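Colleague: If you scroll down you'll find the structure; I have some questions about it.
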Amino acid sequence: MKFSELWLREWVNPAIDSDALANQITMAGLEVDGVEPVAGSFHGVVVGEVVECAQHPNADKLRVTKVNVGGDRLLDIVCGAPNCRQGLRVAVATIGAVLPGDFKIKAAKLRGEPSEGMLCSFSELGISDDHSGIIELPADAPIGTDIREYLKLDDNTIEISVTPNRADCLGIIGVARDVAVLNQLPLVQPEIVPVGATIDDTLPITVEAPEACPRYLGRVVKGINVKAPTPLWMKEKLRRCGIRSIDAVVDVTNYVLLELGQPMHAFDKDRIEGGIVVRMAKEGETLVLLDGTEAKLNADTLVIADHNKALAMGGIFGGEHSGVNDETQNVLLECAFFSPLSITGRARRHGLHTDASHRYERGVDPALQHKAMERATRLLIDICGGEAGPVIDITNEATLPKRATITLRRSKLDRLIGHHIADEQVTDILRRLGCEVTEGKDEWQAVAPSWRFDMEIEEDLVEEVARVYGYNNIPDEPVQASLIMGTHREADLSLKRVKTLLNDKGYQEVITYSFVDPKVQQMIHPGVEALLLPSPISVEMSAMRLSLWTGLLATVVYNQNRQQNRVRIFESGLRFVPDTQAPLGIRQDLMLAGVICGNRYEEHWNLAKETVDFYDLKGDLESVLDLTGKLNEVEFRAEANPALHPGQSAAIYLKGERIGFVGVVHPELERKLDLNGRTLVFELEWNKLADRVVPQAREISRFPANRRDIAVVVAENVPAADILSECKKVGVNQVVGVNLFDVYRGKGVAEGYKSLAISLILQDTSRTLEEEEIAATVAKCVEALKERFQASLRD
Amino acid sequence: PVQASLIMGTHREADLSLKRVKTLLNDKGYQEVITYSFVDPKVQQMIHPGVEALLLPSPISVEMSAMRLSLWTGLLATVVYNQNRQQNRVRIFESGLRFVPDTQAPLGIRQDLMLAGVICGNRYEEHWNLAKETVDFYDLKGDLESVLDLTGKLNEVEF
Amino acid sequence: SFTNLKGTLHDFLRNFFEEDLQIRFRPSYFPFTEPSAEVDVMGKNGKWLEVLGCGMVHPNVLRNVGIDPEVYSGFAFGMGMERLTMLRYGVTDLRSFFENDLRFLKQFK
Amino acid sequence: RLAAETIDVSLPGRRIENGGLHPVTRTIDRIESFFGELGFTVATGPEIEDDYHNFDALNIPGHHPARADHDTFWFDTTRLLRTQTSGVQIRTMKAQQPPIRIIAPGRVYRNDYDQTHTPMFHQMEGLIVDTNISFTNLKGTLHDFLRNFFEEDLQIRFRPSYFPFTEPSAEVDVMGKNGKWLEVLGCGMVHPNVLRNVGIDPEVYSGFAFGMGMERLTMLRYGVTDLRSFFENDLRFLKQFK
Amino acid sequence: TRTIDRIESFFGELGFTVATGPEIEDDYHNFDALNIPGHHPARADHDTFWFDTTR
Ligand SMILES: Nc1ncnc2c1ncn2[C@@H]1O[C@H](COP(=O)(O)O)[C@@H](O)[C@H]1O
Ligand SMILES: N[C@@H](Cc1ccccc1)C(=O)O
Ligand SMILES: N[C@@H](Cc1ccccc1)C(=O)O
């Protein structure tokens, strides 16, 4: 939580910087993440009494007034924040002081009325949010000293985050004690004197389920003035720990809270029936809470109840009934301990997170109740009226949390830290933390204090020795280990390598949310059932992706809007595709994805300003996939994939099996909110192409080779990949090179047909090839070409 | 195996990888060669007329008797090697050190690491869509810009 | 040991930034480690940012998975990549790593 | 339009052919990775060397058959052309006191040109020195390296050998159908002479060092018949190592 | 990504190998076995996306 330096220094005061303290607590493992003065800065503001508050008026809502400090000659000031009463001891800025929002106290009449010199209010002094206005001190102030000195204003609230373990740092005491332990110092505790009852024997209080509330303290305190005005010092410790001073009773329970870690709560005896029963709630039993609304309570939820209705959730919250109201006369003080595993779930189940829930869920000291009861009794009758009553202590020997004996080996310690902390300095650090320790040759016996909920095993005990000795001064040594290599495989291909190649073909790497607009990715994949995220940061980010195609087209439009489309992005990461045959319900496959669109190159003097088409992507991935992997085996069969143009779109193969898709997105989907101009897109199943051919040197041949062009006529319904891939098979030993160098159609080629000029290069390792031998082996191809397909003349 | 400390080595992000530049070079369709560091002076002298070199007494051969002043003599010997064979269009690069006689160097030579390349023949070789144009200076210029520290700087480059 | 952890980490921070402090070898809590700690850099734009957690492995965990706490120890860390990054190159709003503006990205060429 | 504007998706896309590295570069890379993860820092030396660093500091010294045995190219009494990347072994050790740990790829030069010899070629020195390092580690680390290198296809041996700057020395010879046995790397423990003249106390530190022929590693692995093909740079040849 | 590679680089040198996990994971692995388990601030505190009662 938040605490006030000077209240801690009250409990323990090191001789060290304000700044040094903060640094020192943060190395204790609870990170200070805020430090604020409590007020703005100023001088020349002083306590003084108004001895006479003349009328006025002659200006209506204003009182002219003789005020008095110490350095005499009575000071004449004007005021009109309308609670400007006769004898008030008050905070006043004198003729020359300077207030925050740096403005200058001068001397001028106000309405012809006396001149100078403003009486102050909390707001005008940097401690924010107004009461009525005009600060009203508790009488008997130093009738002339600085309000900075009187109101202990050279003080910081200091805000910390406290890790769920070590729940002993949520009152001021625990924190004080931890800081004390650091500076070797002792912890100065306020004198908390038991009150001694003075009224009735009172109140039937049965615990129905003790294991969830071992210890319950109750104390009836009869006839107390509810609208008593919480005295400034308590308004000011409470406010400097981030608590709006609400009330009177409610404030004291808050004060004890912040002071001791203990969560008190008060009731209205005259609304509680036949005693209190501290019990588990019947399943669905409703309870209207301190804020309008009821709650359906599941049968594992402890409630502070009465003899025929429920009053308040167990160490969580209240009742739009059973609390302190306008005619409350008498109260019962709850100060209990609760088993944290009987608090854990519940508050958030209903969406509550109160001070009490919070301390109670990670563990309030089960040796604290009595002491907190006595501070909260003395503090109520001092501030409000009323008198005492017997502390009704209904405890439970057994289910009362049981501290455990830890044994801690000099070895284990040395073997886990790797640095020797002298025997003599570990015993102390342990005892000073709170333990009862018996040193015992190579080991220690430690008994865990009652207030520490995170000391259970040996290792928990070494956190502590390290913690306090100082991480700062545990030395760095590098780990000593064997140098074994681990198993490499030349045949596998790094994605790093592909990312580079990809981005040397001009491609920005991108990272996309793995969950996306479900609405949006239906237009991409038509109602293909997507794994459903019930309760996400957003409706538009609630589907686990099945492509990156969604993440990517989302990412073009993003920049498209920033005026500038010409985007070439790729991404790696997984798709999540529902499968009842997966481990769990989703196929989690690594993927490669990208999209290109707009001008092949940007504005250039000597490069054509053509936009980008299919073969620009095909070449880009023909680069990757391949001559990096293996190639010559892969193939681009044409295929419909709902969300890309059928005529201009292909499935990528690789000996037999789909490894991916590439296409220009389908039209209406481009128009589907998605933006300007034709866009190309591809995805590859990574793991299938994460592996390349390790080479083996193959002879060379010092004979010259021979080129032989062929003009292959063929129906428009025949791939051109296939014709080629068909020549280097009828290939053998050997036509070494096949190459498509032209595609011609129209005049002098049968309509609906098309010619592919093809050039086969023939080479041999044994002999320099014979004029006839050549024509022969082309003829073998040309003939196999009209095996399949047809053949083969002109263009 | 050896028992040792696992200490880190002292990396610096601001330094560029040769291995990275070769990838950029391969991605642009240059093939790596390694040529012999001692070239023929009768030819080096042709490419570097006058500026002359750390000759080598009792060499392996007279063709291989001069330490290279640059990567070009070995580079152009490779493109003729292949062009004789009878594969025209060659585009290669090599990293290695050259050896210029400098009196104020350790021993008499200044071994500097260079990066060097030739391209020639057509731009995009023999293709059904692409323009069968022969390579030109702006191709190399561009290749060099991408090598050029568009992998570091770039931008204080001047030609 | 721990010294191992503190050591390994220094080294890695001494390398990941090229000596731009401040740092914090500071204590923490993770139910899978004990003792555990956190680093937290500052490099201005204001307050300290957590950038990794770490600990010697909690003996529960080890046994939980078939490793004897009485014979092996270990350490583990969990680094936050983007806040590492954010710090390193001086990005402000970290949220702008997944908005993916081309202008933002380009300077990271 | 969606029919009428179909295209043949098997036509070859546009791109320039990819460009692999040269096979020895490819070998160098693999090895540097192998050793990268054992924490061996990469270190260079000039390729023009002197009578101190090639030879005399490595405990040759002068009247040793070695000088002649490495068919040395000299420029005069003093300047020579590296014979081994064993120079950096001396050069490194003189700049830093141990707990060293380094490779050292470079191109050394000899005087032979044959099916398995060239007037140039490349080597990888490794050095490691610290109060700790032994023969078993030399064997341990090299076995382990060969395993990854070949992946275990090839028939190796690990014999005694002789190097004036180690002792014990060792060679590994690998057989690859020919041939047959090829000298692949050579190694040992750093001769105490060589530790002394370089400023490290032999009584405190020990070290192992090694030097493997890259083109030989490269031949065997991808079975290149002829080591001399590595520098003729036929594009046909190079391109099969893309 | 630069930062990951960079880290892998630093860490590869010390020996560390690179493993991975599935991203959609279960109770057992994200928490339970990691010593959490079910009733421990962690769960809700970690600000967690659940698919159902263990996925
Ligand atoms: N061309 C070469 N390639 C690799 N190593 C060579 C070459 N020429 C000589 N050597 C060296 O020859 C030494 C012993 O091998 P050998 O020629 O089989 O007696 C090793 O140091 C090799 O590095
Ligand atoms: N998820 C942990 C990462 C961690 C791993 C190992 C030890 C400590 C922390 C975190 O939030 O920081
Ligand atoms: N060929 C290397 C062999 C070697 C290097 C380093 C150590 C041991 C042996 C040399 O003669 O230098």
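Each chain of the structure tokens is named A, B, ... in the order shown, its residues numbered from 1; ligands are numbered from 1 in display order.
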May I have the residues of chain A within 8 Å of chain C, counting only C-alpha atoms, written as a ChimeraX atom specification?
Modeller: /A:26-30,33,163,165,415-419,459-460,462-463,466-467,471-472,474-479,508,510-513,555,558-559
Colleague: Keeping only N, CA and C atoms, take the residues you just selected and write them out as an mmCIF file, in the first residue's frame.
Modeller:
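What landed in part-v6.cif:
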```cif
data_model
loop_
_atom_site.group_PDB
_atom_site.id
_atom_site.type_symbol
_atom_site.label_atom_id
_atom_site.label_comp_id
_atom_site.auth_asym_id
_atom_site.auth_seq_id
_atom_site.Cartn_x
_atom_site.Cartn_y
_atom_site.Cartn_z
ATOM 1 N N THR A 26 13.387 -1.149 -1.564
ATOM 2 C CA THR A 26 13.221 -1.784 -2.868
ATOM 3 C C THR A 26 14.172 -2.955 -3.058
ATOM 4 N N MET A 27 15.320 -2.920 -2.379
ATOM 5 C CA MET A 27 16.234 -4.069 -2.358
ATOM 6 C C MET A 27 15.830 -5.075 -1.285
ATOM 7 N N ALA A 28 14.794 -4.765 -0.521
ATOM 8 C CA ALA A 28 14.265 -5.716 0.439
ATOM 9 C C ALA A 28 13.196 -6.573 -0.234
ATOM 10 N N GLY A 29 12.834 -6.188 -1.455
ATOM 11 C CA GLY A 29 11.953 -7.000 -2.300
ATOM 12 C C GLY A 29 10.510 -6.539 -2.350
ATOM 13 N N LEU A 30 10.300 -5.264 -2.041
ATOM 14 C CA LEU A 30 8.987 -4.660 -2.151
ATOM 15 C C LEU A 30 9.153 -3.260 -2.736
ATOM 16 N N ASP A 33 7.422 2.553 -5.576
ATOM 17 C CA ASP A 33 7.227 3.134 -6.894
ATOM 18 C C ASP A 33 6.498 4.470 -6.881
ATOM 19 N N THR A 163 4.484 -7.983 -3.246
ATOM 20 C CA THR A 163 4.308 -9.338 -3.782
ATOM 21 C C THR A 163 3.521 -10.254 -2.844
ATOM 22 N N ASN A 165 3.370 -13.131 -1.649
ATOM 23 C CA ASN A 165 4.052 -13.720 -0.501
ATOM 24 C C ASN A 165 4.211 -12.651 0.549
ATOM 25 N N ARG A 415 25.394 -24.047 -1.003
ATOM 26 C CA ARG A 415 25.241 -24.728 -2.285
ATOM 27 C C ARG A 415 24.199 -24.078 -3.212
ATOM 28 N N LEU A 416 23.360 -23.192 -2.664
ATOM 29 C CA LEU A 416 22.316 -22.507 -3.446
ATOM 30 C C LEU A 416 22.569 -21.042 -3.716
ATOM 31 N N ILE A 417 23.391 -20.422 -2.877
ATOM 32 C CA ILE A 417 23.742 -19.019 -3.037
ATOM 33 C C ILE A 417 25.059 -18.993 -3.770
ATOM 34 N N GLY A 418 25.995 -19.806 -3.271
ATOM 35 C CA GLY A 418 27.322 -19.933 -3.849
ATOM 36 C C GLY A 418 28.276 -18.954 -3.227
ATOM 37 N N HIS A 419 27.895 -18.407 -2.075
ATOM 38 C CA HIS A 419 28.714 -17.429 -1.373
ATOM 39 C C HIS A 419 28.580 -17.626 0.128
ATOM 40 N N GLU A 459 14.197 -23.476 1.534
ATOM 41 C CA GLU A 459 14.560 -22.524 0.486
ATOM 42 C C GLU A 459 13.961 -21.154 0.725
ATOM 43 N N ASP A 460 12.745 -21.140 1.285
ATOM 44 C CA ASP A 460 12.086 -19.909 1.724
ATOM 45 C C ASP A 460 13.018 -19.204 2.727
ATOM 46 N N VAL A 462 16.290 -19.259 2.871
ATOM 47 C CA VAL A 462 17.508 -18.704 2.243
ATOM 48 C C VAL A 462 17.242 -17.456 1.380
ATOM 49 N N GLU A 463 16.064 -17.372 0.749
ATOM 50 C CA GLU A 463 15.591 -16.092 0.198
ATOM 51 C C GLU A 463 15.999 -15.039 1.226
ATOM 52 N N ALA A 466 19.813 -14.199 1.992
ATOM 53 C CA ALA A 466 20.295 -13.486 0.817
ATOM 54 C C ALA A 466 19.715 -12.089 0.814
ATOM 55 N N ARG A 467 18.387 -12.044 0.936
ATOM 56 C CA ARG A 467 17.583 -10.823 0.949
ATOM 57 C C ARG A 467 18.207 -9.727 1.795
ATOM 58 N N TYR A 471 21.717 -8.545 -1.827
ATOM 59 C CA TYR A 471 22.026 -8.967 -3.159
ATOM 60 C C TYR A 471 23.233 -8.133 -3.630
ATOM 61 N N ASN A 472 23.199 -6.804 -3.437
ATOM 62 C CA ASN A 472 24.307 -5.912 -3.858
ATOM 63 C C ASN A 472 25.649 -6.576 -3.681
ATOM 64 N N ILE A 474 26.289 -9.997 -2.871
ATOM 65 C CA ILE A 474 26.548 -11.351 -3.319
ATOM 66 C C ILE A 474 27.323 -11.213 -4.649
ATOM 67 N N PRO A 475 28.558 -11.760 -4.713
ATOM 68 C CA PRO A 475 29.469 -11.587 -5.842
ATOM 69 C C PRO A 475 29.002 -12.304 -7.090
ATOM 70 N N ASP A 476 29.444 -11.851 -8.259
ATOM 71 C CA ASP A 476 29.107 -12.552 -9.504
ATOM 72 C C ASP A 476 30.226 -13.544 -9.826
ATOM 73 N N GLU A 477 29.878 -14.806 -10.071
ATOM 74 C CA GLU A 477 30.834 -15.803 -10.608
ATOM 75 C C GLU A 477 30.153 -16.453 -11.782
ATOM 76 N N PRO A 478 30.921 -16.842 -12.815
ATOM 77 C CA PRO A 478 30.276 -17.460 -13.975
ATOM 78 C C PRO A 478 30.171 -18.985 -13.837
ATOM 79 N N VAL A 479 29.132 -19.562 -14.424
ATOM 80 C CA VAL A 479 28.802 -20.974 -14.165
ATOM 81 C C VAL A 479 29.840 -21.868 -14.791
ATOM 82 N N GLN A 508 9.289 -6.006 -45.379
ATOM 83 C CA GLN A 508 9.361 -5.615 -43.974
ATOM 84 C C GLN A 508 8.814 -6.674 -43.058
ATOM 85 N N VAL A 510 7.038 -8.077 -39.797
ATOM 86 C CA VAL A 510 5.902 -7.537 -39.063
ATOM 87 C C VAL A 510 5.500 -8.505 -37.937
ATOM 88 N N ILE A 511 5.019 -7.969 -36.823
ATOM 89 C CA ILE A 511 4.417 -8.825 -35.782
ATOM 90 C C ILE A 511 2.962 -8.453 -35.445
ATOM 91 N N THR A 512 2.114 -9.461 -35.529
ATOM 92 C CA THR A 512 0.689 -9.303 -35.541
ATOM 93 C C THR A 512 0.075 -9.996 -34.292
ATOM 94 N N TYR A 513 -0.992 -9.428 -33.724
ATOM 95 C CA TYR A 513 -1.711 -10.118 -32.638
ATOM 96 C C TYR A 513 -2.214 -11.473 -33.126
ATOM 97 N N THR A 555 -2.829 -5.329 -41.426
ATOM 98 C CA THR A 555 -1.651 -4.495 -41.312
ATOM 99 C C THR A 555 -1.360 -3.630 -42.553
ATOM 100 N N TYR A 558 -3.990 -0.735 -42.133
ATOM 101 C CA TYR A 558 -3.427 0.201 -41.157
ATOM 102 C C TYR A 558 -2.583 1.352 -41.782
ATOM 103 N N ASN A 559 -1.545 0.999 -42.555
ATOM 104 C CA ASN A 559 -0.629 1.981 -43.173
ATOM 105 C C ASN A 559 -1.267 2.639 -44.394
#
```
Colleague: List the neighbours of residue 33 in chain E out to 9 Å using only C-alpha atoms; skip same-chain residues closer than 4 positions along the sequence, and give me the result as a ChimeraX atom specification.
Modeller: /C:32,60-61,64-65 /E:27-29,37
Colleague: Counting only C-alpha atoms, which residues of chain A fall within 8 Å of chain B, and what is the closest atom pair for each with its distance in Å at one decimal, ordered by chain and rising number, as a tab-separated table?
Modeller:
```
residue	atom	partner	partner_atom	distance
A:478	CA	B:5	CA	5.8
A:479	CA	B:5	CA	5.6
A:480	CA	B:5	CA	4.5
A:481	CA	B:3	CA	5.3
A:482	CA	B:3	CA	4.6
A:483	CA	B:2	CA	5.5
A:484	CA	B:1	CA	6.5
A:500	CA	B:23	CA	7.9
A:501	CA	B:27	CA	6.0
A:504	CA	B:27	CA	6.3
A:505	CA	B:27	CA	7.5
A:704	CA	B:85	CA	7.3
A:739	CA	B:126	CA	7.9
A:740	CA	B:128	CA	6.3
A:741	CA	B:128	CA	4.4
A:742	CA	B:128	CA	4.3
A:743	CA	B:128	CA	6.4
```
Colleague: Please save N, CA and C atoms of the selected residues as a JSON list (two decimals), in the first residue's frame.
Modeller:
```
[["chain", "number", "residue", "atom", "x", "y", "z"],
["A", 478, "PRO", "N", 30.92, -16.84, -12.82],
["A", 478, "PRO", "CA", 30.28, -17.46, -13.97],
["A", 478, "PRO", "C", 30.17, -18.98, -13.84],
["A", 479, "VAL", "N", 29.13, -19.56, -14.42],
["A", 479, "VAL", "CA", 28.80, -20.97, -14.16],
["A", 479, "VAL", "C", 29.84, -21.87, -14.79],
["A", 480, "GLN", "N", 30.31, -22.86, -14.04],
["A", 480, "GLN", "CA", 31.33, -23.79, -14.54],
["A", 480, "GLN", "C", 30.65, -25.04, -15.07],
["A", 481, "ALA", "N", 30.91, -25.36, -16.33],
["A", 481, "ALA", "CA", 30.20, -26.44, -16.99],
["A", 481, "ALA", "C", 31.04, -27.16, -18.06],
["A", 482, "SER", "N", 30.57, -28.33, -18.51],
["A", 482, "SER", "CA", 31.21, -29.04, -19.61],
["A", 482, "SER", "C", 30.93, -28.32, -20.93],
["A", 483, "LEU", "N", 31.91, -28.36, -21.83],
["A", 483, "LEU", "CA", 31.70, -27.86, -23.18],
["A", 483, "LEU", "C", 31.35, -29.00, -24.11],
["A", 484, "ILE", "N", 30.08, -29.37, -24.19],
["A", 484, "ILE", "CA", 29.67, -30.35, -25.20],
["A", 484, "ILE", "C", 28.97, -29.56, -26.32],
["A", 500, "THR", "N", 15.96, -13.20, -43.73],
["A", 500, "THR", "CA", 16.94, -12.39, -44.42],
["A", 500, "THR", "C", 16.73, -12.38, -45.94],
["A", 501, "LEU", "N", 16.68, -13.56, -46.55],
["A", 501, "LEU", "CA", 16.50, -13.63, -47.99],
["A", 501, "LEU", "C", 15.23, -12.88, -48.36],
["A", 504, "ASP", "N", 15.76, -9.31, -48.24],
["A", 504, "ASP", "CA", 16.65, -8.80, -49.28],
["A", 504, "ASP", "C", 15.89, -8.77, -50.59],
["A", 505, "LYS", "N", 14.73, -9.44, -50.64],
["A", 505, "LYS", "CA", 13.83, -9.25, -51.78],
["A", 505, "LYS", "C", 12.80, -8.17, -51.49],
["A", 704, "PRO", "N", 32.50, -29.42, -74.49],
["A", 704, "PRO", "CA", 31.56, -28.33, -74.66],
["A", 704, "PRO", "C", 30.16, -28.89, -74.77],
["A", 739, "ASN", "N", 15.01, -24.95, -70.27],
["A", 739, "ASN", "CA", 14.64, -23.59, -69.94],
["A", 739, "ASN", "C", 13.52, -22.97, -70.80],
["A", 740, "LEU", "N", 12.49, -22.47, -70.14],
["A", 740, "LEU", "CA", 11.41, -21.81, -70.85],
["A", 740, "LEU", "C", 11.90, -20.39, -71.08],
["A", 741, "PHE", "N", 11.98, -19.99, -72.34],
["A", 741, "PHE", "CA", 12.43, -18.66, -72.66],
["A", 741, "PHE", "C", 11.42, -17.83, -73.42],
["A", 742, "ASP", "N", 10.29, -18.44, -73.79],
["A", 742, "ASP", "CA", 9.19, -17.72, -74.42],
["A", 742, "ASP", "C", 7.82, -18.43, -74.39],
["A", 743, "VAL", "N", 6.74, -17.65, -74.43],
["A", 743, "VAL", "CA", 5.38, -18.17, -74.58],
["A", 743, "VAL", "C", 4.65, -17.33, -75.65]]
```
Colleague: Could you give me, as JSON lines, every chain A residue with an atom at most 9 Å from chain D, plus its closest atom pair and distance in Å to one decimal, counting only C-alpha atoms, rows ordered by chain then number?
Modeller:
```
{"residue": "A:483", "atom": "CA", "partner": "D:38", "partner_atom": "CA", "distance": 5.6}
{"residue": "A:484", "atom": "CA", "partner": "D:38", "partner_atom": "CA", "distance": 7.3}
{"residue": "A:485", "atom": "CA", "partner": "D:34", "partner_atom": "CA", "distance": 6.6}
{"residue": "A:486", "atom": "CA", "partner": "D:148", "partner_atom": "CA", "distance": 8.3}
{"residue": "A:487", "atom": "CA", "partner": "D:148", "partner_atom": "CA", "distance": 6.4}
{"residue": "A:488", "atom": "CA", "partner": "D:148", "partner_atom": "CA", "distance": 6.0}
{"residue": "A:489", "atom": "CA", "partner": "D:151", "partner_atom": "CA", "distance": 7.5}
{"residue": "A:490", "atom": "CA", "partner": "D:30", "partner_atom": "CA", "distance": 8.0}
{"residue": "A:505", "atom": "CA", "partner": "D:15", "partner_atom": "CA", "distance": 8.8}
{"residue": "A:614", "atom": "CA", "partner": "D:13", "partner_atom": "CA", "distance": 7.8}
{"residue": "A:615", "atom": "CA", "partner": "D:13", "partner_atom": "CA", "distance": 4.2}
{"residue": "A:616", "atom": "CA", "partner": "D:14", "partner_atom": "CA", "distance": 5.6}
{"residue": "A:617", "atom": "CA", "partner": "D:13", "partner_atom": "CA", "distance": 7.2}
{"residue": "A:618", "atom": "CA", "partner": "D:13", "partner_atom": "CA", "distance": 4.7}
{"residue": "A:619", "atom": "CA", "partner": "D:13", "partner_atom": "CA", "distance": 3.8}
{"residue": "A:620", "atom": "CA", "partner": "D:15", "partner_atom": "CA", "distance": 6.5}
{"residue": "A:621", "atom": "CA", "partner": "D:13", "partner_atom": "CA", "distance": 8.6}
{"residue": "A:622", "atom": "CA", "partner": "D:13", "partner_atom": "CA", "distance": 6.9}
{"residue": "A:623", "atom": "CA", "partner": "D:18", "partner_atom": "CA", "distance": 6.8}
{"residue": "A:627", "atom": "CA", "partner": "D:18", "partner_atom": "CA", "distance": 6.2}
{"residue": "A:628", "atom": "CA", "partner": "D:242", "partner_atom": "CA", "distance": 7.5}
{"residue": "A:635", "atom": "CA", "partner": "D:10", "partner_atom": "CA", "distance": 7.2}
{"residue": "A:636", "atom": "CA", "partner": "D:10", "partner_atom": "CA", "distance": 5.4}
{"residue": "A:637", "atom": "CA", "partner": "D:10", "partner_atom": "CA", "distance": 7.0}
{"residue": "A:638", "atom": "CA", "partner": "D:9", "partner_atom": "CA", "distance": 6.4}
{"residue": "A:645", "atom": "CA", "partner": "D:2", "partner_atom": "CA", "distance": 6.9}
{"residue": "A:646", "atom": "CA", "partner": "D:2", "partner_atom": "CA", "distance": 7.0}
{"residue": "A:647", "atom": "CA", "partner": "D:6", "partner_atom": "CA", "distance": 3.5}
{"residue": "A:648", "atom": "CA", "partner": "D:6", "partner_atom": "CA", "distance": 5.4}
{"residue": "A:649", "atom": "CA", "partner": "D:9", "partner_atom": "CA", "distance": 6.7}
{"residue": "A:650", "atom": "CA", "partner": "D:9", "partner_atom": "CA", "distance": 6.3}
{"residue": "A:694", "atom": "CA", "partner": "D:222", "partner_atom": "CA", "distance": 8.1}
{"residue": "A:695", "atom": "CA", "partner": "D:241", "partner_atom": "CA", "distance": 6.1}
{"residue": "A:696", "atom": "CA", "partner": "D:222", "partner_atom": "CA", "distance": 4.5}
{"residue": "A:697", "atom": "CA", "partner": "D:224", "partner_atom": "CA", "distance": 5.3}
{"residue": "A:698", "atom": "CA", "partner": "D:224", "partner_atom": "CA", "distance": 7.7}
{"residue": "A:699", "atom": "CA", "partner": "D:225", "partner_atom": "CA", "distance": 8.3}
{"residue": "A:700", "atom": "CA", "partner": "D:237", "partner_atom": "CA", "distance": 7.0}
{"residue": "A:716", "atom": "CA", "partner": "D:8", "partner_atom": "CA", "distance": 8.7}
{"residue": "A:717", "atom": "CA", "partner": "D:8", "partner_atom": "CA", "distance": 8.8}
{"residue": "A:718", "atom": "CA", "partner": "D:8", "partner_atom": "CA", "distance": 8.4}
{"residue": "A:719", "atom": "CA", "partner": "D:10", "partner_atom": "CA", "distance": 6.1}
{"residue": "A:720", "atom": "CA", "partner": "D:11", "partner_atom": "CA", "distance": 6.0}
{"residue": "A:721", "atom": "CA", "partner": "D:10", "partner_atom": "CA", "distance": 4.9}
{"residue": "A:722", "atom": "CA", "partner": "D:10", "partner_atom": "CA", "distance": 7.9}
{"residue": "A:740", "atom": "CA", "partner": "D:12", "partner_atom": "CA", "distance": 8.2}
```
Colleague: Please list as a list in words every residue within 8 Å of residue 230 in chain D, counting only C-alpha atoms and excluding residues in the same chain fewer than 4 positions away.
Modeller: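 Returned residues: residues 34 of chain B; 23, 24, 215 and 226 of chain D.
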Colleague: Hey, what's within 7 Å of range 75-81 of chain B if we count only C-alpha atoms and toss same-chain stuff fewer than 4 positions away? As a VMD selection string, please?
Modeller: (chain B and resid 71 85 90 117 to 118) or (chain D and resid 233)
Colleague: Could the residues of chain E within 12 Å of chain B, counting only C-alpha atoms, be given as an MDAnalysis selection string, please?
Modeller: chainID E and resid 2:3 5:7 9:16
Colleague: How far is it from CA of residue 663 in chain A to CA of residue 629 in chain A, in Å with one decimal?
Modeller: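 Answer for the CA of residue 663 in chain A to CA of residue 629 in chain A separation: 21.5 Å.
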Colleague: Within 10 Å of chain A, which residues of chain E show up when using only C-alpha atoms, listed as a list in words?
Modeller: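 Selected residues: residues 1, 5, 14, 15, 16, 17, 21, 22, 23, 24, 25, 26, 38, 39, 40, 41, 42, 44, 45, 48, 49, 50, 51, 52, 54 and 55 of chain E.
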Colleague: Could you list, as a PyMOL selection string, all the residues within 7 Å of ligand 3, counting only C-alpha atoms and all ligand atoms?
Modeller: chain D and resi 84-86+125+163+165-166+169+185-188+209-212
